[PDB]
>>> print(open('coords_6.cif').read())   # mmCIF, N, CA and C atoms; chains and numbers go by the auth columns
data_work
loop_
_atom_site.group_PDB
_atom_site.id
_atom_site.type_symbol
_atom_site.label_atom_id
_atom_site.label_comp_id
_atom_site.label_asym_id
_atom_site.label_seq_id
_atom_site.Cartn_x
_atom_site.Cartn_y
_atom_site.Cartn_z
_atom_site.B_iso_or_equiv
_atom_site.auth_seq_id
_atom_site.auth_asym_id
ATOM 1 N N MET A 1 3.675 -5.477 8.717 0.00 1 A
ATOM 2 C CA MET A 1 3.680 -4.513 9.850 0.00 1 A
ATOM 3 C C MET A 1 4.372 -3.234 9.412 0.00 1 A
ATOM 4 N N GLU A 2 5.558 -3.376 8.814 0.00 2 A
ATOM 5 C CA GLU A 2 6.328 -2.205 8.358 0.00 2 A
ATOM 6 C C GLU A 2 7.000 -2.492 7.032 0.00 2 A
ATOM 7 N N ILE A 3 6.851 -1.576 6.081 0.00 3 A
ATOM 8 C CA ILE A 3 7.439 -1.765 4.758 0.00 3 A
ATOM 9 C C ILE A 3 8.958 -1.972 4.840 0.00 3 A
ATOM 10 N N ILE A 4 9.410 -3.121 4.362 0.00 4 A
ATOM 11 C CA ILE A 4 10.846 -3.436 4.375 0.00 4 A
ATOM 12 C C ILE A 4 11.545 -2.677 3.251 0.00 4 A
ATOM 13 N N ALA A 5 10.971 -2.766 2.062 0.00 5 A
ATOM 14 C CA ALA A 5 11.553 -2.139 0.891 0.00 5 A
ATOM 15 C C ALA A 5 10.531 -2.044 -0.221 0.00 5 A
ATOM 16 N N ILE A 6 10.960 -1.467 -1.335 0.00 6 A
ATOM 17 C CA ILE A 6 10.101 -1.284 -2.499 0.00 6 A
ATOM 18 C C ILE A 6 10.808 -1.771 -3.768 0.00 6 A
ATOM 19 N N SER A 7 10.152 -2.674 -4.493 0.00 7 A
ATOM 20 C CA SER A 7 10.714 -3.207 -5.729 0.00 7 A
ATOM 21 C C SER A 7 10.297 -2.321 -6.898 0.00 7 A
ATOM 22 N N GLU A 8 11.263 -1.598 -7.464 0.00 8 A
ATOM 23 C CA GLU A 8 10.995 -0.712 -8.597 0.00 8 A
ATOM 24 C C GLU A 8 11.098 -1.496 -9.890 0.00 8 A
ATOM 25 N N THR A 9 9.944 -1.890 -10.416 0.00 9 A
ATOM 26 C CA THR A 9 9.884 -2.659 -11.659 0.00 9 A
ATOM 27 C C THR A 9 9.922 -1.704 -12.859 0.00 9 A
ATOM 28 N N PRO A 10 10.283 -2.192 -14.024 0.00 10 A
ATOM 29 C CA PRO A 10 10.328 -1.361 -15.269 0.00 10 A
ATOM 30 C C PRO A 10 8.927 -0.880 -15.688 0.00 10 A
ATOM 31 N N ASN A 11 8.043 -0.665 -14.710 0.00 11 A
ATOM 32 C CA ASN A 11 6.687 -0.190 -14.992 0.00 11 A
ATOM 33 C C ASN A 11 6.643 1.329 -14.896 0.00 11 A
ATOM 34 N N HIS A 12 5.433 1.885 -14.840 0.00 12 A
ATOM 35 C CA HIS A 12 5.246 3.338 -14.755 0.00 12 A
ATOM 36 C C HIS A 12 4.753 3.745 -13.367 0.00 12 A
ATOM 37 N N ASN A 13 3.626 3.156 -12.949 0.00 13 A
ATOM 38 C CA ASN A 13 3.021 3.462 -11.642 0.00 13 A
ATOM 39 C C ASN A 13 2.723 2.190 -10.856 0.00 13 A
ATOM 40 N N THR A 14 3.231 1.049 -11.335 0.00 14 A
ATOM 41 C CA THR A 14 3.016 -0.242 -10.665 0.00 14 A
ATOM 42 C C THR A 14 4.320 -0.718 -10.037 0.00 14 A
ATOM 43 N N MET A 15 4.253 -1.108 -8.769 0.00 15 A
ATOM 44 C CA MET A 15 5.428 -1.588 -8.044 0.00 15 A
ATOM 45 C C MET A 15 5.001 -2.585 -6.978 0.00 15 A
ATOM 46 N N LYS A 16 5.918 -3.487 -6.626 0.00 16 A
ATOM 47 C CA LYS A 16 5.649 -4.508 -5.607 0.00 16 A
ATOM 48 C C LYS A 16 6.316 -4.112 -4.298 0.00 16 A
ATOM 49 N N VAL A 17 5.577 -4.231 -3.193 0.00 17 A
ATOM 50 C CA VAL A 17 6.112 -3.890 -1.874 0.00 17 A
ATOM 51 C C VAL A 17 6.314 -5.160 -1.064 0.00 17 A
ATOM 52 N N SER A 18 7.579 -5.513 -0.832 0.00 18 A
ATOM 53 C CA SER A 18 7.926 -6.705 -0.060 0.00 18 A
ATOM 54 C C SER A 18 8.052 -6.336 1.419 0.00 18 A
ATOM 55 N N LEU A 19 7.459 -7.156 2.281 0.00 19 A
ATOM 56 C CA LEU A 19 7.467 -6.914 3.715 0.00 19 A
ATOM 57 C C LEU A 19 6.994 -8.150 4.466 0.00 19 A
ATOM 58 N N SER A 20 7.468 -8.308 5.698 0.00 20 A
ATOM 59 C CA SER A 20 7.086 -9.453 6.520 0.00 20 A
ATOM 60 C C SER A 20 5.766 -9.195 7.233 0.00 20 A
ATOM 61 N N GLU A 21 4.653 -9.447 6.540 0.00 21 A
ATOM 62 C CA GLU A 21 3.323 -9.250 7.126 0.00 21 A
ATOM 63 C C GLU A 21 2.818 -10.567 7.740 0.00 21 A
ATOM 64 N N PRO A 22 1.919 -10.496 8.702 0.00 22 A
ATOM 65 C CA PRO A 22 1.355 -11.715 9.355 0.00 22 A
ATOM 66 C C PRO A 22 0.579 -12.572 8.353 0.00 22 A
ATOM 67 N N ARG A 23 0.723 -13.892 8.493 0.00 23 A
ATOM 68 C CA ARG A 23 0.049 -14.856 7.620 0.00 23 A
ATOM 69 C C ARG A 23 -1.223 -15.369 8.300 0.00 23 A
ATOM 70 N N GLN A 24 -1.581 -14.755 9.428 0.00 24 A
ATOM 71 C CA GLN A 24 -2.769 -15.183 10.163 0.00 24 A
ATOM 72 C C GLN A 24 -3.982 -15.214 9.237 0.00 24 A
ATOM 73 N N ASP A 25 -4.186 -14.118 8.500 0.00 25 A
ATOM 74 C CA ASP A 25 -5.308 -14.001 7.561 0.00 25 A
ATOM 75 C C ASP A 25 -4.811 -13.600 6.176 0.00 25 A
ATOM 76 N N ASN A 26 -3.953 -14.437 5.593 0.00 26 A
ATOM 77 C CA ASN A 26 -3.410 -14.168 4.264 0.00 26 A
ATOM 78 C C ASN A 26 -4.490 -14.355 3.203 0.00 26 A
ATOM 79 N N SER A 27 -5.640 -13.719 3.418 0.00 27 A
ATOM 80 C CA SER A 27 -6.751 -13.797 2.478 0.00 27 A
ATOM 81 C C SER A 27 -6.566 -12.761 1.379 0.00 27 A
ATOM 82 N N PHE A 28 -7.118 -13.049 0.203 0.00 28 A
ATOM 83 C CA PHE A 28 -7.018 -12.135 -0.939 0.00 28 A
ATOM 84 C C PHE A 28 -8.324 -11.369 -1.115 0.00 28 A
ATOM 85 N N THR A 29 -8.215 -10.050 -1.232 0.00 29 A
ATOM 86 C CA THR A 29 -9.389 -9.202 -1.400 0.00 29 A
ATOM 87 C C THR A 29 -8.963 -7.811 -1.842 0.00 29 A
ATOM 88 N N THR A 30 -9.684 -7.264 -2.816 0.00 30 A
ATOM 89 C CA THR A 30 -9.390 -5.927 -3.338 0.00 30 A
ATOM 90 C C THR A 30 -10.290 -4.887 -2.674 0.00 30 A
ATOM 91 N N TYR A 31 -9.667 -3.966 -1.940 0.00 31 A
ATOM 92 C CA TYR A 31 -10.388 -2.893 -1.250 0.00 31 A
ATOM 93 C C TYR A 31 -9.605 -1.586 -1.324 0.00 31 A
ATOM 94 N N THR A 32 -10.305 -0.480 -1.100 0.00 32 A
ATOM 95 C CA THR A 32 -9.673 0.831 -1.111 0.00 32 A
ATOM 96 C C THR A 32 -10.655 1.887 -0.618 0.00 32 A
ATOM 97 N N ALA A 33 -10.333 2.525 0.507 0.00 33 A
ATOM 98 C CA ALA A 33 -11.196 3.567 1.065 0.00 33 A
ATOM 99 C C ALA A 33 -10.709 3.957 2.463 0.00 33 A
ATOM 100 N N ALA A 34 -10.570 5.260 2.704 0.00 34 A
ATOM 101 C CA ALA A 34 -10.144 5.749 4.015 0.00 34 A
ATOM 102 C C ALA A 34 -11.326 5.758 4.978 0.00 34 A
ATOM 103 N N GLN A 35 -11.218 4.962 6.043 0.00 35 A
ATOM 104 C CA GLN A 35 -12.273 4.875 7.057 0.00 35 A
ATOM 105 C C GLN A 35 -11.666 4.619 8.432 0.00 35 A
ATOM 106 N N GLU A 36 -12.347 5.093 9.467 0.00 36 A
ATOM 107 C CA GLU A 36 -11.865 4.920 10.833 0.00 36 A
ATOM 108 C C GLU A 36 -11.939 3.457 11.249 0.00 36 A
ATOM 109 N N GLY A 37 -10.932 3.012 11.996 0.00 37 A
ATOM 110 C CA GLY A 37 -10.879 1.634 12.474 0.00 37 A
ATOM 111 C C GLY A 37 -10.221 0.731 11.447 0.00 37 A
ATOM 112 N N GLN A 38 -9.971 1.272 10.251 0.00 38 A
ATOM 113 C CA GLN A 38 -9.342 0.489 9.182 0.00 38 A
ATOM 114 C C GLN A 38 -7.834 0.785 9.095 0.00 38 A
ATOM 115 N N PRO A 39 -7.021 -0.187 8.721 0.00 39 A
ATOM 116 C CA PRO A 39 -5.549 0.013 8.590 0.00 39 A
ATOM 117 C C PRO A 39 -5.188 1.359 7.942 0.00 39 A
ATOM 118 N N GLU A 40 -4.325 2.111 8.615 0.00 40 A
ATOM 119 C CA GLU A 40 -3.881 3.408 8.108 0.00 40 A
ATOM 120 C C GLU A 40 -2.994 3.222 6.880 0.00 40 A
ATOM 121 N N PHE A 41 -2.367 2.055 6.780 0.00 41 A
ATOM 122 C CA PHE A 41 -1.479 1.773 5.658 0.00 41 A
ATOM 123 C C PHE A 41 -2.257 1.728 4.345 0.00 41 A
ATOM 124 N N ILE A 42 -3.589 1.676 4.445 0.00 42 A
ATOM 125 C CA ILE A 42 -4.462 1.623 3.262 0.00 42 A
ATOM 126 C C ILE A 42 -5.235 2.929 3.117 0.00 42 A
ATOM 127 N N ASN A 43 -5.651 3.489 4.244 0.00 43 A
ATOM 128 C CA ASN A 43 -6.420 4.724 4.217 0.00 43 A
ATOM 129 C C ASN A 43 -5.598 5.871 3.641 0.00 43 A
ATOM 130 N N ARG A 44 -4.318 5.916 3.989 0.00 44 A
ATOM 131 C CA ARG A 44 -3.443 6.975 3.513 0.00 44 A
ATOM 132 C C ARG A 44 -3.342 6.955 1.992 0.00 44 A
ATOM 133 N N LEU A 45 -3.361 5.759 1.426 0.00 45 A
ATOM 134 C CA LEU A 45 -3.276 5.604 -0.020 0.00 45 A
ATOM 135 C C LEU A 45 -4.525 6.162 -0.699 0.00 45 A
ATOM 136 N N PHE A 46 -5.682 5.980 -0.085 0.00 46 A
ATOM 137 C CA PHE A 46 -6.910 6.473 -0.677 0.00 46 A
ATOM 138 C C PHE A 46 -6.925 7.995 -0.721 0.00 46 A
ATOM 139 N N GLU A 47 -6.117 8.630 0.122 0.00 47 A
ATOM 140 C CA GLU A 47 -6.084 10.089 0.168 0.00 47 A
ATOM 141 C C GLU A 47 -5.437 10.652 -1.096 0.00 47 A
ATOM 142 N N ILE A 48 -4.934 9.766 -1.965 0.00 48 A
ATOM 143 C CA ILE A 48 -4.277 10.193 -3.213 0.00 48 A
ATOM 144 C C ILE A 48 -5.043 9.662 -4.416 0.00 48 A
ATOM 145 N N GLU A 49 -5.264 10.532 -5.395 0.00 49 A
ATOM 146 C CA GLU A 49 -5.969 10.141 -6.601 0.00 49 A
ATOM 147 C C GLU A 49 -5.072 9.252 -7.458 0.00 49 A
ATOM 148 N N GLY A 50 -5.611 8.145 -7.947 0.00 50 A
ATOM 149 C CA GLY A 50 -4.841 7.232 -8.793 0.00 50 A
ATOM 150 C C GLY A 50 -5.145 5.794 -8.426 0.00 50 A
ATOM 151 N N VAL A 51 -5.141 5.503 -7.130 0.00 51 A
ATOM 152 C CA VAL A 51 -5.428 4.146 -6.679 0.00 51 A
ATOM 153 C C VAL A 51 -6.862 3.760 -7.009 0.00 51 A
ATOM 154 N N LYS A 52 -7.025 2.545 -7.540 0.00 52 A
ATOM 155 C CA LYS A 52 -8.345 2.023 -7.910 0.00 52 A
ATOM 156 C C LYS A 52 -8.655 0.764 -7.112 0.00 52 A
ATOM 157 N N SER A 53 -7.614 0.010 -6.767 0.00 53 A
ATOM 158 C CA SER A 53 -7.788 -1.212 -5.991 0.00 53 A
ATOM 159 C C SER A 53 -6.467 -1.613 -5.346 0.00 53 A
ATOM 160 N N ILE A 54 -6.560 -2.340 -4.230 0.00 54 A
ATOM 161 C CA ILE A 54 -5.376 -2.818 -3.504 0.00 54 A
ATOM 162 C C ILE A 54 -5.578 -4.277 -3.128 0.00 54 A
ATOM 163 N N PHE A 55 -4.634 -5.123 -3.524 0.00 55 A
ATOM 164 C CA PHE A 55 -4.682 -6.553 -3.216 0.00 55 A
ATOM 165 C C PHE A 55 -3.745 -6.880 -2.064 0.00 55 A
ATOM 166 N N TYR A 56 -4.279 -7.596 -1.077 0.00 56 A
ATOM 167 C CA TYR A 56 -3.507 -8.019 0.094 0.00 56 A
ATOM 168 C C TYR A 56 -3.496 -9.545 0.184 0.00 56 A
ATOM 169 N N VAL A 57 -2.303 -10.125 0.096 0.00 57 A
ATOM 170 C CA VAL A 57 -2.158 -11.572 0.190 0.00 57 A
ATOM 171 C C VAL A 57 -0.705 -11.946 0.432 0.00 57 A
ATOM 172 N N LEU A 58 -0.505 -12.981 1.232 0.00 58 A
ATOM 173 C CA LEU A 58 0.838 -13.461 1.533 0.00 58 A
ATOM 174 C C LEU A 58 1.658 -12.378 2.260 0.00 58 A
ATOM 175 N N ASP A 59 2.973 -12.404 2.050 0.00 59 A
ATOM 176 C CA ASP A 59 3.895 -11.451 2.664 0.00 59 A
ATOM 177 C C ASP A 59 4.216 -10.316 1.700 0.00 59 A
ATOM 178 N N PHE A 60 3.395 -10.161 0.656 0.00 60 A
ATOM 179 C CA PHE A 60 3.602 -9.095 -0.331 0.00 60 A
ATOM 180 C C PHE A 60 2.253 -8.531 -0.766 0.00 60 A
ATOM 181 N N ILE A 61 2.272 -7.301 -1.263 0.00 61 A
ATOM 182 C CA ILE A 61 1.064 -6.630 -1.733 0.00 61 A
ATOM 183 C C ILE A 61 1.321 -5.964 -3.082 0.00 61 A
ATOM 184 N N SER A 62 0.253 -5.795 -3.861 0.00 62 A
ATOM 185 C CA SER A 62 0.329 -5.147 -5.178 0.00 62 A
ATOM 186 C C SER A 62 -0.673 -4.002 -5.228 0.00 62 A
ATOM 187 N N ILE A 63 -0.171 -2.800 -5.513 0.00 63 A
ATOM 188 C CA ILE A 63 -1.003 -1.597 -5.575 0.00 63 A
ATOM 189 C C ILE A 63 -1.159 -1.139 -7.020 0.00 63 A
ATOM 190 N N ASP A 64 -2.412 -0.952 -7.433 0.00 64 A
ATOM 191 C CA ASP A 64 -2.735 -0.503 -8.790 0.00 64 A
ATOM 192 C C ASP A 64 -3.116 0.974 -8.777 0.00 64 A
ATOM 193 N N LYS A 65 -2.356 1.779 -9.520 0.00 65 A
ATOM 194 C CA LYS A 65 -2.590 3.223 -9.603 0.00 65 A
ATOM 195 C C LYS A 65 -2.488 3.701 -11.046 0.00 65 A
ATOM 196 N N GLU A 66 -3.264 4.727 -11.363 0.00 66 A
ATOM 197 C CA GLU A 66 -3.261 5.286 -12.702 0.00 66 A
ATOM 198 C C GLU A 66 -1.861 5.765 -13.062 0.00 66 A
ATOM 199 N N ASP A 67 -1.689 6.156 -14.319 0.00 67 A
ATOM 200 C CA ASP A 67 -0.404 6.655 -14.800 0.00 67 A
ATOM 201 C C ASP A 67 -0.108 8.050 -14.247 0.00 67 A
ATOM 202 N N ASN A 68 -1.131 8.699 -13.680 0.00 68 A
ATOM 203 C CA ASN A 68 -0.979 10.056 -13.146 0.00 68 A
ATOM 204 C C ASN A 68 -0.581 10.024 -11.671 0.00 68 A
ATOM 205 N N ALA A 69 -0.193 8.844 -11.178 0.00 69 A
ATOM 206 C CA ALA A 69 0.215 8.688 -9.780 0.00 69 A
ATOM 207 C C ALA A 69 1.734 8.656 -9.679 0.00 69 A
ATOM 208 N N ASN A 70 2.274 9.165 -8.579 0.00 70 A
ATOM 209 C CA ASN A 70 3.726 9.181 -8.369 0.00 70 A
ATOM 210 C C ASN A 70 4.024 8.808 -6.920 0.00 70 A
ATOM 211 N N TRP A 71 4.784 7.735 -6.733 0.00 71 A
ATOM 212 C CA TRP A 71 5.131 7.279 -5.395 0.00 71 A
ATOM 213 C C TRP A 71 5.995 8.312 -4.680 0.00 71 A
ATOM 214 N N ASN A 72 6.570 9.230 -5.447 0.00 72 A
ATOM 215 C CA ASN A 72 7.428 10.261 -4.872 0.00 72 A
ATOM 216 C C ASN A 72 6.661 11.103 -3.856 0.00 72 A
ATOM 217 N N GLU A 73 5.329 11.085 -3.962 0.00 73 A
ATOM 218 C CA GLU A 73 4.472 11.851 -3.053 0.00 73 A
ATOM 219 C C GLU A 73 3.938 10.961 -1.930 0.00 73 A
ATOM 220 N N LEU A 74 3.754 9.674 -2.216 0.00 74 A
ATOM 221 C CA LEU A 74 3.246 8.744 -1.206 0.00 74 A
ATOM 222 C C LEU A 74 4.288 8.464 -0.132 0.00 74 A
ATOM 223 N N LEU A 75 5.554 8.345 -0.548 0.00 75 A
ATOM 224 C CA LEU A 75 6.648 8.059 0.390 0.00 75 A
ATOM 225 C C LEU A 75 6.454 8.830 1.702 0.00 75 A
ATOM 226 N N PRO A 76 6.472 10.140 1.662 0.00 76 A
ATOM 227 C CA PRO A 76 6.290 10.959 2.894 0.00 76 A
ATOM 228 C C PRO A 76 4.902 10.763 3.510 0.00 76 A
ATOM 229 N N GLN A 77 3.941 10.319 2.700 0.00 77 A
ATOM 230 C CA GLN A 77 2.576 10.118 3.190 0.00 77 A
ATOM 231 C C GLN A 77 2.469 8.852 4.043 0.00 77 A
ATOM 232 N N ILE A 78 2.891 7.729 3.468 0.00 78 A
ATOM 233 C CA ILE A 78 2.841 6.446 4.167 0.00 78 A
ATOM 234 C C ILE A 78 3.904 6.373 5.254 0.00 78 A
ATOM 235 N N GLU A 79 5.098 6.878 4.950 0.00 79 A
ATOM 236 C CA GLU A 79 6.200 6.846 5.907 0.00 79 A
ATOM 237 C C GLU A 79 5.750 7.414 7.244 0.00 79 A
ATOM 238 N N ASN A 80 4.807 8.343 7.194 0.00 80 A
ATOM 239 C CA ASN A 80 4.287 8.942 8.410 0.00 80 A
ATOM 240 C C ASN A 80 3.585 7.883 9.260 0.00 80 A
ATOM 241 N N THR A 81 2.826 7.002 8.607 0.00 81 A
ATOM 242 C CA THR A 81 2.108 5.958 9.324 0.00 81 A
ATOM 243 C C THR A 81 3.083 5.029 10.047 0.00 81 A
ATOM 244 N N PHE A 82 4.081 4.534 9.314 0.00 82 A
ATOM 245 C CA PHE A 82 5.075 3.643 9.896 0.00 82 A
ATOM 246 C C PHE A 82 5.945 4.387 10.899 0.00 82 A
ATOM 247 N N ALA A 83 6.328 5.611 10.548 0.00 83 A
ATOM 248 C CA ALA A 83 7.176 6.413 11.420 0.00 83 A
ATOM 249 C C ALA A 83 6.549 6.532 12.800 0.00 83 A
ATOM 250 N N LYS A 84 5.237 6.716 12.830 0.00 84 A
ATOM 251 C CA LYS A 84 4.537 6.848 14.098 0.00 84 A
ATOM 252 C C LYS A 84 4.673 5.579 14.932 0.00 84 A
ATOM 253 N N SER A 85 4.157 4.475 14.404 0.00 85 A
ATOM 254 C CA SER A 85 4.212 3.208 15.118 0.00 85 A
ATOM 255 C C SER A 85 5.656 2.828 15.411 0.00 85 A
ATOM 256 N N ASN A 86 6.509 2.951 14.402 0.00 86 A
ATOM 257 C CA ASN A 86 7.919 2.621 14.562 0.00 86 A
ATOM 258 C C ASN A 86 8.601 3.633 15.477 0.00 86 A
#
>>> encode(input="coords_6.cif", output="structure tokens")
Amino acid sequence: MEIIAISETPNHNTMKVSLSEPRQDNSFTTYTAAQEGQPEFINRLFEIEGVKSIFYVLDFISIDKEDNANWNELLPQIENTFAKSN
């Protein structure tokens, strides 16, 4: 529902986002594309060049982005989505 925190791994553009998400449909599937009626937490990411796929499963998610991506720009982007609902 809302990002609890961000695990900064010794990677470059790969990081794990831990959060208490619903297990109702803890299905695994790779998708990426901004579209109406679709979770804003995913659409906002597509608005940035770098993301190629997003995996959703369990209470954690893994985002794959090129080396030319910087979370320093996404923070204010995604935070807006949560900030609104929150």
>>> resolve_selection(input="coords_6.cif", expression="the PyMOL selection byres ((chain A and resi 24-31) around 5)", output="PyMOL selection string")
chain A and resi 22-23+32-33+54-58
>>> closest_residue(input="coords_6.cif", among="A:67, A:49, A:79, A:40", to="residue 5 (chain A)", atoms="only C-alpha atoms")
A:79
>>> residues_around(input="coords_6.cif", residues="region 7-21 of chain A", least_positions_apart="4", cutoff="7 Å", atoms="only C-alpha atoms", output="PDB file with N, CA and C atoms, keeping the file's coordinate frame")
ATOM      1  N   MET A   1       3.675  -5.477   8.717  1.00  0.00           N
ATOM      2  CA  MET A   1       3.680  -4.513   9.850  1.00  0.00           C
ATOM      3  C   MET A   1       4.372  -3.234   9.412  1.00  0.00           C
ATOM      4  N   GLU A   2       5.558  -3.376   8.814  1.00  0.00           N
ATOM      5  CA  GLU A   2       6.328  -2.205   8.358  1.00  0.00           C
ATOM      6  C   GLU A   2       7.000  -2.492   7.032  1.00  0.00           C
ATOM      7  N   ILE A   3       6.851  -1.576   6.081  1.00  0.00           N
ATOM      8  CA  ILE A   3       7.439  -1.765   4.758  1.00  0.00           C
ATOM      9  C   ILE A   3       8.958  -1.972   4.840  1.00  0.00           C
ATOM     10  N   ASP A  59       2.973 -12.404   2.050  1.00  0.00           N
ATOM     11  CA  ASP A  59       3.895 -11.451   2.664  1.00  0.00           C
ATOM     12  C   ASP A  59       4.216 -10.316   1.700  1.00  0.00           C
ATOM     13  N   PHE A  60       3.395 -10.161   0.656  1.00  0.00           N
ATOM     14  CA  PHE A  60       3.602  -9.095  -0.331  1.00  0.00           C
ATOM     15  C   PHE A  60       2.253  -8.531  -0.766  1.00  0.00           C
ATOM     16  N   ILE A  61       2.272  -7.301  -1.263  1.00  0.00           N
ATOM     17  CA  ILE A  61       1.064  -6.630  -1.733  1.00  0.00           C
ATOM     18  C   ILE A  61       1.321  -5.964  -3.082  1.00  0.00           C
ATOM     19  N   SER A  62       0.253  -5.795  -3.861  1.00  0.00           N
ATOM     20  CA  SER A  62       0.329  -5.147  -5.178  1.00  0.00           C
ATOM     21  C   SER A  62      -0.673  -4.002  -5.228  1.00  0.00           C
ATOM     22  N   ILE A  63      -0.171  -2.800  -5.513  1.00  0.00           N
ATOM     23  CA  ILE A  63      -1.003  -1.597  -5.575  1.00  0.00           C
ATOM     24  C   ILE A  63      -1.159  -1.139  -7.020  1.00  0.00           C
ATOM     25  N   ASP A  64      -2.412  -0.952  -7.433  1.00  0.00           N
ATOM     26  CA  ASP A  64      -2.735  -0.503  -8.790  1.00  0.00           C
ATOM     27  C   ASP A  64      -3.116   0.974  -8.777  1.00  0.00           C
ATOM     28  N   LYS A  65      -2.356   1.779  -9.520  1.00  0.00           N
ATOM     29  CA  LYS A  65      -2.590   3.223  -9.603  1.00  0.00           C
ATOM     30  C   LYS A  65      -2.488   3.701 -11.046  1.00  0.00           C
ATOM     31  N   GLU A  66      -3.264   4.727 -11.363  1.00  0.00           N
ATOM     32  CA  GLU A  66      -3.261   5.286 -12.702  1.00  0.00           C
ATOM     33  C   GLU A  66      -1.861   5.765 -13.062  1.00  0.00           C
ATOM     34  N   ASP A  67      -1.689   6.156 -14.319  1.00  0.00           N
ATOM     35  CA  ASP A  67      -0.404   6.655 -14.800  1.00  0.00           C
ATOM     36  C   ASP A  67      -0.108   8.050 -14.247  1.00  0.00           C
ATOM     37  N   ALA A  69      -0.193   8.844 -11.178  1.00  0.00           N
ATOM     38  CA  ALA A  69       0.215   8.688  -9.780  1.00  0.00           C
ATOM     39  C   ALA A  69       1.734   8.656  -9.679  1.00  0.00           C
ATOM     40  N   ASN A  70       2.274   9.165  -8.579  1.00  0.00           N
ATOM     41  CA  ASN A  70       3.726   9.181  -8.369  1.00  0.00           C
ATOM     42  C   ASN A  70       4.024   8.808  -6.920  1.00  0.00           C
TER      43      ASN A  70
END
>>> select_by_dssp(input="coords_6.cif", residues="chain A", states="strand (DSSP E)", output="list in words")
residues 5, 6, 7, 15, 16, 17, 18, 30, 31, 51, 52, 53, 54, 55, 56, 57, 60, 61, 62, 63, 64 and 65 of chain A
>>> select_by_dssp(input="coords_6.cif", residues="chain A", states="helix (DSSP H, G or I)", output="list in words")
residues 40, 41, 42, 43, 44, 45, 46, 71, 72, 73, 74, 75, 76, 77, 78, 79, 80, 81, 82, 83, 84 and 85 of chain A
>>> axis_aligned_box(input="coords_6.cif", around="region 61-77 of chain A", padding_each_side="3 Å", output="AutoDock Vina command-line options")
--center_x 2.1 --center_y 2.3 --center_z -5.4 --size_x 16.7 --size_y 25.2 --size_z 24.8
>>> atom_distance(input="coords_6.cif", atom1="CA of residue 36 (chain A)", atom2="CA of residue 81 (chain A)")
14.1 Å
>>> closest_residue(input="coords_6.cif", among="A:43, A:51, A:82, A:34", to="residue 68 (chain A)", atoms="only N, CA and C atoms")
A:51
>>> atom_distance(input="coords_6.cif", atom1="atom N of residue 72 (chain A)", atom2="atom N of residue 47 (chain A)")
13.9 Å
>>> closest_residue(input="coords_6.cif", among="A:83, A:78, A:6, A:53", to="residue 41 (chain A)", atoms="only C-alpha atoms")
A:78
>>> atom_distance(input="coords_6.cif", atom1="CA of residue 80 (chain A)", atom2="CA of residue 44 (chain A)")
9.4 Å
